[PDB]
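Residue numbers (the entry's author numbering), protein chains in the order written: chain A, 5 to 194, 202 to 218, 220 to 227, 237 to 255, 266 to 585; chain B, 5 to 196, 201 to 212, 214 to 227, 238 to 255, 263 to 585; chain B', 5 to 196, 201 to 212, 214 to 227, 238 to 255, 263 to 585. A prime marks a further copy of an entry chain.
Note that the Cβ used here is the ideal one computed from N, Cα and C, for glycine as well.
Below: the structure, in structure tokens.
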Amino acid sequence: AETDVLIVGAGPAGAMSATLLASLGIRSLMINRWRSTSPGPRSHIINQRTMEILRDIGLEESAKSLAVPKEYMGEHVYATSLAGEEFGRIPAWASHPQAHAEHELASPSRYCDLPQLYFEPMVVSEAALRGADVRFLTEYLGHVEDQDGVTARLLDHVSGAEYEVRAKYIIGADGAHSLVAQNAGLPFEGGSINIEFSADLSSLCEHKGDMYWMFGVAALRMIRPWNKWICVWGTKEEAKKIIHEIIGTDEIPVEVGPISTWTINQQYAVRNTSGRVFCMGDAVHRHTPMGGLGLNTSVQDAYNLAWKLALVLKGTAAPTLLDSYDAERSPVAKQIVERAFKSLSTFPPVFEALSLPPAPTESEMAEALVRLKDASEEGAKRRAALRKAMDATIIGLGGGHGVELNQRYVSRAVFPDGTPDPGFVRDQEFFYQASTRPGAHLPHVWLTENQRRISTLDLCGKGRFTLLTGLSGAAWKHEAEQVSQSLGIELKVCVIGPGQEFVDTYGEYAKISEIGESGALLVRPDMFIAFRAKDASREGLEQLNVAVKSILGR
Amino acid sequence: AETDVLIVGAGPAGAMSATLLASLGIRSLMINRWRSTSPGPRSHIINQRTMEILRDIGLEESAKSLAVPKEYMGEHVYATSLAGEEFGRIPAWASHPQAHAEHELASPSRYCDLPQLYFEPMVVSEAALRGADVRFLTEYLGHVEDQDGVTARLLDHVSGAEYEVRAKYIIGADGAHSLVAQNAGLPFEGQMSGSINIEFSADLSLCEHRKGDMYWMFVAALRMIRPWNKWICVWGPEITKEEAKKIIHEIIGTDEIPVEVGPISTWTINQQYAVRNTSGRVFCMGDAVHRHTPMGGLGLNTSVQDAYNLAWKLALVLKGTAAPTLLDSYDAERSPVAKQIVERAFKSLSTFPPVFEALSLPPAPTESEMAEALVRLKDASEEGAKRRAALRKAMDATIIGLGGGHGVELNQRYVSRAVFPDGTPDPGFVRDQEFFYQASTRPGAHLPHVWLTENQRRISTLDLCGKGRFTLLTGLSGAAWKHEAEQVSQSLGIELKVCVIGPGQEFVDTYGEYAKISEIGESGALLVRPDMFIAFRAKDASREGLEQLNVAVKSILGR
Amino acid sequence: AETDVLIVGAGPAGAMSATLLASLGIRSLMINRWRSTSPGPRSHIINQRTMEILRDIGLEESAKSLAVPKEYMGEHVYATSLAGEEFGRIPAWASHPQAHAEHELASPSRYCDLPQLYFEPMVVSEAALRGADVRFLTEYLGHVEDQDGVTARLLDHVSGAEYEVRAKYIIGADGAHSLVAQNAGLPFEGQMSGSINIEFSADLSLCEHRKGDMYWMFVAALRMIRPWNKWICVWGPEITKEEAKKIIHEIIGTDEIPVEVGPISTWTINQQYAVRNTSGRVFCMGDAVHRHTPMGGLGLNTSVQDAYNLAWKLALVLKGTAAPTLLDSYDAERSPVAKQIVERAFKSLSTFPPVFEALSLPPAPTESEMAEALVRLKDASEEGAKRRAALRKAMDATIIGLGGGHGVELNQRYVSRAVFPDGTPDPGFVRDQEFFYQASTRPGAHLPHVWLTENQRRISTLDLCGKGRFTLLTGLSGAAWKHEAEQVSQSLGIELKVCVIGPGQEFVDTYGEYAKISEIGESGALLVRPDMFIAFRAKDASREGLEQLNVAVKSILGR
Ligand SMILES: Cc1cc2nc3c(=O)[nH]c(=O)nc-3n(C[C@H](O)[C@@H](O)[C@H](O)COP(=O)(O)OP(=O)(O)OC[C@H]3O[C@@H](n4cnc5c(N)ncnc54)[C@H](O)[C@@H]3O)c2cc1C
Ligand SMILES: Cc1cc2nc3c(=O)[nH]c(=O)nc-3n(C[C@H](O)[C@@H](O)[C@H](O)COP(=O)(O)OP(=O)(O)OC[C@H]3O[C@@H](n4cnc5c(N)ncnc54)[C@H](O)[C@@H]3O)c2cc1C
Ligand SMILES: Cc1cc2nc3c(=O)[nH]c(=O)nc-3n(C[C@H](O)[C@@H](O)[C@H](O)COP(=O)(O)OP(=O)(O)OC[C@H]3O[C@@H](n4cnc5c(N)ncnc54)[C@H](O)[C@@H]3O)c2cc1C
Ligand SMILES: Oc1ccccc1-c1ccccc1
Ligand SMILES: Oc1ccccc1-c1ccccc1
Ligand SMILES: Oc1ccccc1-c1ccccc1
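Quick look at the structure:
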């Protein structure tokens, strides 16, 4: 066999990599050891970044069709059991009107709930459709790197045959026990039971959290509303009884599905790249599910890498473009492993406000409910203490908008404009802050195209660089054309303004851009700003060719 | 003829007064000179306070059934003409996601567009159903007041007969040229210009991919009556005939959608407010006491709130439960609102000339001058850039009269004998008090909205209150409020419902939002008037706290 | 006081008459004894004919905004109690897919549930807006007729004054005990029993996974007012107090949903129809001429159609465009409908005893007897099977009064001087004329509905017609109808709009459904009255065809 990129693994990271590469016209072979996509719902929270990426590749509408929308995700309930009485509720997944505003303003996309069970075949199929070779029941065994490429040994679980594939690059998207990361010698620094069942819980959810949390803490998570379910906590037909005491009524017929377990050794790779091997997804960040960062960061790893491999494979970028994958994504790996872990400590204070031990008996828990309804000033302090504790759990339940969106890249693939880092006005984990400084994601605002709403993001992406400016920045069109033909790279210029293809109909682009109208923003295929000019002066214009060459390593 | 309250006028203020008075079991006769409710769409923006009032009396659902919802009000377009090129668009009626958040947080209710044409009969019919006598084609001619009541002379435009009505009180809800205000001798201030309104019908392809309450042409307005067949053009005694059809054509920018030229009507305004709204047994409300520009859509809404302020007070006085001095609080609380909206509606006018100024245009531009301004606007120079920025800045500043004024709509601050001060100073406003609502539980402020639950289903704090009575809100540790309330209730012969909000209770602070908004400990209490204003606040359930309730209620009632 | 038409009554018939008369530019005074529109929900089923009439006068959209739609009316449940076990369910209000097809094909409009409580003010307000004078708290006492008009004596319940009105005509729309019918000396026939109605409020979990207009308990009815908070219980001068709350409880089958016992009202019916509806200058309509059971919901609907039949006729006569003999056609066309619905509503009653009979029950079963019938119903024997089949057969037969009667609702067949016979025999009905609508374009039948297009957007044949005037429909090869129509129109001084339906025309037979329904060649013509009835039909555009139009119109107008 032979291919440009061997992608080991067909999870979210591998499948997205395959899809992106196949789109840019790069030959890839994506393999998977197992028969199918993941049989479990597993990760389910899709954040705005992943939806933006789906939007870019044309899959957002299908995703939205299958996904449960944001407004059926917000009603988070803390209770003894679902049919029982509830401690109280928190506005999960940005369902508070203020959080919702902040959500809406940050992206054209929105949170939704789309279990991996469904996300995966949607991306695996799109990858093969766009031109990726996809091969399941095929196991990566090892590889040898020379400085011309790589030779991997594969075991075929259908024919029993063992064969070699010659590639230029590997992508290790092979999950939390990546043999690819092990063979690349990547340095790393820094459990639960799931039960799928089926029961009509419509009556006791009609009147719309994405999750029910029962205090040992047991999560009742919506798979499909509201007939397919999953219980998760920190087994035989007893699992039925486990689903009965968590529902707090054995009155609904329950259909006990598959029972699995999930163990996690929380670590991140300090480096994600070794020679021609690039690792991504769970392979470089293993962590708790708090905040639902896993799948989303993994897909974003793929989006960062694919266009860079394509430019290098095409000879348009020097191979040093690829150094920026480690530079930009490794800090995200460490960040999310640390954040997901930190969120765990938001939970003991809930038990403590109850005046409970880590493991409460049934008499101890019923006693805490009593103390909670106590008409004394001490009862009041108790109710306030409980509320304060529950509120603090939001950081892992949709509160973490800043973590999700505030990527700040520093690398050779980002050309500094000379401004200092403005930092963040408010807490950078809770709150997204838009920035057009190179290294930040292009901000979303609405423009119009034929008086119909279009995002700044929809002007960009599609595997190419895009330059955004205004009418007084007309010279950018010519300058980008000279740079484009000399460097042999596509540079799409959009001049936003009255009477143009795209129009700053609400004035929001002028508002968000941070530069004069004649300034320009150069946006990477992955939606990150890589160059910013403040005006269309001679010196401003001349710097474009310098920045693009620099980004390309030429 | 004999009644307790003669209501002169069946517009929004009169009709709401009749409905509330009837719901409170007060006999009223509401009259109207004309044969019907108002033929024209007229006022159409229904703000959250009016919707709350509709919510309280059970008309909010029917109101929403008929009204156009907030999400179809947001695209205001500034353009040369409808089918022409836009200057740009503003996120009117709190349609910006941030403005929307602030909107949603403030009230269980929402902006909608409901023309008077439909609002009026909905309230007039409810008033008659609830027990009010309603008599149209009946004209108030005058009255004489004595110590015990008032005798008005009426002219019946059906029988030609002239007859008298004996009433204890007269409501002057008779509009911008109130004869009742004139006869009561109300002083008016702030006297410091008309508009023509053309209805037409046309299926307007071009007002869909936006969805907006209005289109402004540079100044003509193309406002929505029904989306999007019905239509009305407005601009600043004038005749006009069939060229009005032409006048519709060049404001639509094309003449190939058939249009049906409906009724043509003028509206003149002599901007003024009454500095006092009450004289003896005469109370004036609505346009009768505040005459102003339509900017901000404050008219109808403030008028309905005038009625909501007065009705429960008249009912208590007529029932002998409150002394007649309770009615003094109507002028104290509503007159400042009257002056406020007249001044605000006027001020919003001066936000439009800078738009012409940014375009380097005269107040009255020809079609060459305007076509030139459009060219200059697409100029690829730094001076073109400055112009585009200047235009945007000007257009943005118009938002204050087009949904920006949330603060104006909601930040009522009452000081009177019907509000018992709790001893705290006025915290004032953190942000601009015209643009931004600030919730407050200090006496004199409207009860803040948050969501509670009742059987795990969401209910507003507002839904715990109102219904023509006083309500006291507290938490579990404030249990003593129930008994204290009962003693005060039986002794003063006044209804006072206590809600203990908490776990295992009828109403539950499920989101913790009540503890967060209340500004007091759980054992504290808020006393809410029938009109949803807080009239008393205790910080805890101490003896001194508890004993003050009776004092406050007696004080509010004037007893 | 002086008017053209004095309308006695402001119920559905009177209000619709006032609205139509005002739309036709006829001066009317509509009076009502009481202070408001009807406080009770009362009639609530709005059939397609009433919706068509609302469509014609532009109120269908607001009607639909308020009404519950057909898809939420279909699950009728027969049960012991609400929270108890069902006997079974019928596909009420044409909810069976076949019945739904037949429903949809018949009309552009659809069944909805709109309580009188809301229908009435919507029409009363429209009548006043369109130009009618409306005067409530005003009581008709009597009248004397002479050659030139009528003088009625009125009592004003506001002023106490008694006064006279001079009118050319009096409409008796004054309900089931019409004093106007009594004074006109109308004969009544078919004299060959009351019901109590209890309003209450409760959130009823159990009426959701079905979605039905009513619940029948074995006989009590639990009918929907609003889905599903509002409620009303109905069963066959009686007092009742708080046990009515208990009476609600055992009909709900549980006592753990809070309920709020509203107003309690009785309804007695003396079943009769007027054999004639007109005497001199007096015309009676609505309950005044047909008093009957609610089975089938025919009352309000037939009453509104009475008004629709009469109004355009009065307008032509008052304008001098038609001779007064045109009004003779009101009795000829509407009296048979009156007798028909009284007999049908009554007949539907006898469909309920077989239900008790299939259950081997007495007319009045105890709770042991009923519990035994439920046991027998689950018996695993062939005799149990026969019982289950017998129950189903009985329940199915009740559909005729619960939406089965499409034929009754729509198959009006007019014979009078206001319908010009075309010489064809009566084709009669292929299927049962009570159950099934049969479309017909023969003179005397309602214009059939099919979809055409106008700018490729769907429009009903009905939407081409109505609006207070005559309309002529034809196709391209019938072009000569336009000129012929114009000559007849100018000579008789009557408006007559011609629509040429075809390719490239204003209205297009896009689906070929007009050619399919018309029963005539393309060059043929249908003349449609303002009330949507076909009054003339020509088979082609021959000379003899064309010349007959003038003859028909003169004949219809009595000239
Ligand atoms: C069992 C389980 C349950 C989870 N539940 C949750 C949850 O509830 N909430 C949450 O937020 N996250 C959850 N996660 C984490 C989540 O699934 C993501 O972190 C994400 O799936 C990681 O994507 P990858 O695309 O990086 O990993 P993977 O989805 O694990 O994909 C790795 C792929 O490589 C394949 N592979 C591995 N080794 C080889 C080999 N030698 N040769 C060929 N193919 C190979 C695997 O078959 C697989 O297809 C769960 C993960 C697991 C494993
Ligand atoms: C033509 C027109 C267009 C308008 N357009 C807008 C708009 O676009 N936006 C906006 O915000 N506001 C608009 N308004 C103003 C708006 O309708 C409100 O200010 C509001 O209706 C005032 O309520 P009232 O209830 O205070 O006044 P009114 O609605 O005017 O009611 C007064 C009532 O008293 C009756 N009456 C008066 N004198 C007597 C008497 N002597 N005897 C018996 N009855 C009497 C009147 O007939 C009427 O029923 C418009 C007003 C008019 C007239
Ligand atoms: C309590 C009740 C319950 C009903 N429930 C149902 C039901 O469930 N289903 C159903 O199909 N039908 C029901 N009906 C009957 C139904 O309301 C219709 O038959 C219809 O309203 C009759 O229309 P009208 O317009 O013909 O009669 P009405 O609606 O009765 O109108 C008559 C009008 O004339 C007025 N009037 C009478 N006498 C005088 C006078 N001397 N002077 C001035 N005004 C006068 C009356 O006040 C009223 O305004 C019910 C009727 C009643 C009374
Ligand atoms: O599934 C999740 C999504 C976001 C945040 C936390 C979780 C989760 C955390 C622990 C067990 C089950 C689910
Ligand atoms: O109808 C309006 C609502 C809010 C603000 C302004 C207007 C308006 C103001 C002047 C002319 C037409 C409409
Ligand atoms: O309200 C109805 C509508 C259609 C058919 C019958 C009824 C009815 C008949 C008797 C008592 C209650 C309701």
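Problem - Residues that residue 68(B') bridges to, as DSSP identifies them - result: In the DSSP output, where bridge partners are listed per residue, residue 68(B') has none listed.
Practice task
For the beta strand (DSSP E) containing residue 551(B), list its first residue and its last residue.
Solution key: The continuous beta strand (DSSP E) containing residue 551(B) extends over residues 551 to 554.
Practice task
Run the proximity test for residue 529(A): is its beta-carbon closer than 7 Å to any non-hydrogen atom belonging to ligand 3?
Solution key: Flag unset: Cβ of residue 529(A) not near ligand 3.
Exercise for the section: With 9 Å as the C-beta to C-beta threshold (strictly closer), list the residues of the region 129 to 159 of chain B' near chain B in chain order. Expected result: Listed in sequence order: 129, 130, 131, 132, 133, 134, 135, 136, 137, 138, 139, 140, 141, 142 and 158.
Problem - Sequence-ordered residues whose beta carbon comes within less than 6 Å of a heavy atom of ligand 6 - result: So the residues near ligand 6 by this Cβ test are 49(B'), 203(B'), 240(B'), 242(B'), 253(B'), 320(B'), 321(B'), 322(B'), 323(B'), 427(B') and 428(B').
Practice task
Indicate whether residue 240(B') and residue 250(B') have their beta-carbon atoms separated by less than 8 Å.
Solution key: Not closer than 8 Å, so no.
Exercise for the section: Return the residue from the list 73(B), 94(B) and 75(B) that minimises the CA-CA distance to residue 83(B). Expected result: Nearest of 73(B), 94(B) and 75(B) to residue 83(B), Cα basis: 94(B).
Handout entry: Range of the contiguous beta strand (DSSP E) that encloses residue 158(B)
Key = DSSP places residue 158(B) inside the beta strand (DSSP E), whose first and last residues are 154 to 160.
Practice task
Please classify residue 205(B): does DSSP put it in a helix, a strand, or coil?
Solution key: DSSP, reduced to helix, strand and coil, places residue 205(B) within a strand of the structure shown.
Practice task
Determine which residues share a DSSP beta bridge with residue 171(B) and list them.
Solution key: 7(B) and 154(B), per the DSSP bridge assignment.
Practice task
Indicate whether residue 369(B) and residue 301(B) have their beta-carbon atoms separated by less than 8 Å.
Solution key: Contact: no.
Handout entry: Cβ contact check for the region 371 to 380 of chain A and the region 11 to 18 of chain B: 3 or more pairs under 8 Å
Key = Fewer than three pairs of CB atoms, one per stretch, sit closer than 8 Å, so the region 371 to 380 of chain A makes no contact with the region 11 to 18 of chain B.
Handout entry: Minimum Cβ-Cβ distance from residue 218(A) to chain B less than 8 Å
Key = Yes, residue 218(A) counts as interfacial toward chain B.
Practice task
Output the distance between the C-alpha atoms of residue 318(A) and residue 41(A), rounded to the nearest integer angstrom.
Solution key: About 21 Å.
Problem - Cβ-based neighbour list, residue 329(B), same chain, cut-off 6 Å, excluding 5 preceding and 5 following - result: The answer, listed in chain order, is 16, 17 and 312.
Problem - Identified DSSP bridge partners for residue 226(B') - result: Note: residue 226(B') sits in a beta bridge opposite 83(B') and 239(B').
Handout entry: Within chain B, partners of residue 294(B') - CB distance below 7 Å
Key = Here the premise fails: no neighbours, minimum Cβ distance about 23 Å.
Exercise for the section: Give a yes or no on whether the minimum CB-CB distance between residue 463(B) and chain A is below 8 Å. Expected result: No, residue 463(B) does not count as interfacial toward chain A.
Practice task
Measure the Cβ-Cβ separation of residue 353(B') and residue 339(B') and say whether it is below 8 Å.
Solution key: In contact: residue 353(B') and residue 339(B') (Cβ atoms closer than 8 Å).
Practice task
With 8 Å as the limit, tell me which residues of the region 419 to 446 of chain B' have their beta carbon closer than that to any beta carbon of chain B; keep them in chain order.
Solution key: Within the region 419 to 446 of chain B', no residue qualifies.
Exercise for the section: May I have the straight-line CA-CA distance separating residue 498(B') from residue 553(B'), to the nearest angstrom? Expected result: The straight-line gap from Cα to Cα measures roughly 4 Å.
Exercise for the section: Return the CA-CA distance between residue 484(B') and residue 214(B'), expressed in angstroms with no decimal places. Expected result: One C-alpha to the other measures close to 39 Å.
Practice task
Give a yes or no on whether the C-beta atoms belonging to residue 469(A) and residue 446(A) are separated by under 8 Å.
Solution key: Between residue 469(A) and residue 446(A), the CB-CB gap stays under 8 Å.
Handout entry: Cβ pair residue 583(A), residue 347(A) closer than 8 Å
Key = Cβ atoms of residue 583(A) and residue 347(A): closer than 8 Å.
Practice task
Could you pull out every residue in the same chain whose Cβ sits closer than 8 Å to the Cβ of residue 57(A), ignoring the five residues on either side in sequence?
Solution key: The beta carbon of residue 57(A) is closer than 8 Å to those of 20, 330, 331 and 334 in its chain, skipping five residues each way along the sequence.
Problem - Contact under 8 Å by Cβ, residue 428(B') with residue 26(B') - result: When the beta-carbon positions are compared, residue 428(B') and residue 26(B') stay at least 8 Å from each other.
Practice task
Output the distance between the C-alpha atoms of residue 31(B) and residue 245(B), rounded to the nearest integer angstrom.
Solution key: The straight-line gap separating the alpha-carbon atoms of residue 31(B) and residue 245(B) is approximately 37 Å.
Practice task
Would you be able to state if there are at least three C-beta pairs under 8 Å between the region 473 to 489 of chain A and the region 529 to 549 of chain A?
Solution key: Contact between the region 529 to 549 of chain A and the region 473 to 489 of chain A is present: 3 or more CB-CB pairs across the two stretches fall below 8 Å.
Problem - Contacting positions in the region 98 to 112 of chain B - beta carbon closer than 7 Å to chain A - result: So the close ones are 101, 102, 104, 105, 108 and 109.
Exercise for the section: Grab me the residues of residue 136(A)'s own chain with a C-beta within less than 6 Å of its C-beta, minus the 5 sequence neighbours each way, in chain order. Expected result: The beta carbon of residue 136(A) sits closer than 6 Å to those of 22, 26, 32 and 34, all from its chain and outside the five residues before and after it, given in chain order.
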